[PDB]
Amino acid sequence: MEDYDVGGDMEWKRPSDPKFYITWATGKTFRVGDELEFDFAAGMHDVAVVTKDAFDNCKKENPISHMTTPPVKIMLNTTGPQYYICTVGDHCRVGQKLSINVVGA
Ligand SMILES: [Cu+2]
């Protein structure tokens, strides 16, 4: 098991570059049992676990899950695609979103 800090010291923030998080994930093999940790200041960002469509269009309403208090720690316990976005402001629209593929432990 591996523990990942989404974004690095950049943490979970509004990116200057729209592909930042695509870049951060790349080269990482997320497996079942691994844990993602999103760090941010209270109210400045958040985490909503969404479907692929909601991910693509940045739909904030009807999350699978939604978390607001800062480290949001999520364990990956199923194989397959997982999508996360920040619903605060225009953050998702400018790239604060994460797409990963979880494989076996
Ligand atoms: Cu945000």
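Residues numbered from 1 in each chain as written, not as in the entry; some residues may be left out. Heavy atoms only, no water.

X-ray crystallography is the method the PDB entry states for this structure, with the resolution given as 1.9 Å.

Within the PDB entry, the label attached to the chain reads Umecyanin, and the organism entered is Armoracia rusticana. According to the record, the entry carries the title "Umecyanin from Horse Raddish- Crystal Structure of the oxidised form". In its Function (literature references left out) section, UniProt records this for the chain: "Probable electron transfer copper protein that serves as a direct electron donor. Does not show any activity towards ascorbic acid, p-phenylenediamine and several common 'classical' substrates for copper proteins." (UniProt positions renumbered as here; feature names shortened; annotations may be inferred.)

## A look at the overall build of the chain
Counting its regular elements, the chain contains 2 helices and 8 strands. Sequence-ordered secondary structure for the chain, helices as α and strands as β, is β-α-β-β-β-α-β-β-β-β. A globule of 105 residues ought to have a C-alpha radius of gyration of about 13 Å, and the chain, at 13 Å, matches this closely. Taking the principal axes of the C-alpha coordinates as reference, the chain spans close to 35 × 30 × 25 Å. Looking at the chain as a whole, 40% of its 105 residues qualify as buried. For the chain, restricting intrachain contacts to residue pairs at least 6 apart in sequence, the fraction spanning at least 24 positions comes to 72%. (Helix = DSSP H or I, 4+ residues; strand = E, 2+ residues; numbered from the N terminus. Rg over C-alpha atoms; globule rule 2.2 N^0.38 Å. Buried < 20%, exposed > 50% of the residue type's maximum accessible area, 1.4 Å probe, protein only. Contact = heavy atoms within 4.5 Å.)

## Observations concerning the coordination of the copper ion
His45 (ND1), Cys86 (SG), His91 (ND1) and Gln96 (OE1) make up the full set of protein donors to the copper ion, lying at 1.9 to 2.2 Å. Expressed as a motif, the donor residue spacing for the copper ion is H-x40-C-x4-H-x4-Q. (Donors = N, O, S within 2.8 Å, 3.2 Å for Na, K, Ca; no water.)

## Quick notes on the packing of aromatic side chains
The tally for this structure, following the rule as stated, stands at 7 aromatic pairs. Centre to centre, the rings of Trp12 and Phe38 are 5.0 Å apart; their planes meet at 80 degrees, and the pair counts as edge-to-face. Remark: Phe38 occurs in strand 3 (residues 35–38) and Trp12 occurs in the loop between strand 1 (3–5) and helix 1 (20–25); sequence separation between them is 26 residues. Neither residue differs from the other here; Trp12 and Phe38 are each classed as buried. Taking the centre distance of 6.0 Å and the plane angle of 40 degrees together, the rings of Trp24 and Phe30 count as tilted. As far as the burial class goes, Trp24 and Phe30 line up, both buried. For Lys97, the ring lying beneath its charged end belongs to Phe55, and the centroid distance is 4.5 Å. (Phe/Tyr/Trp six-rings, centres within 6.5 Å; stacked < 30°, edge-to-face > 60°. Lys NZ or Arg CZ within 6 Å of the ring centre and 35° of its normal.)

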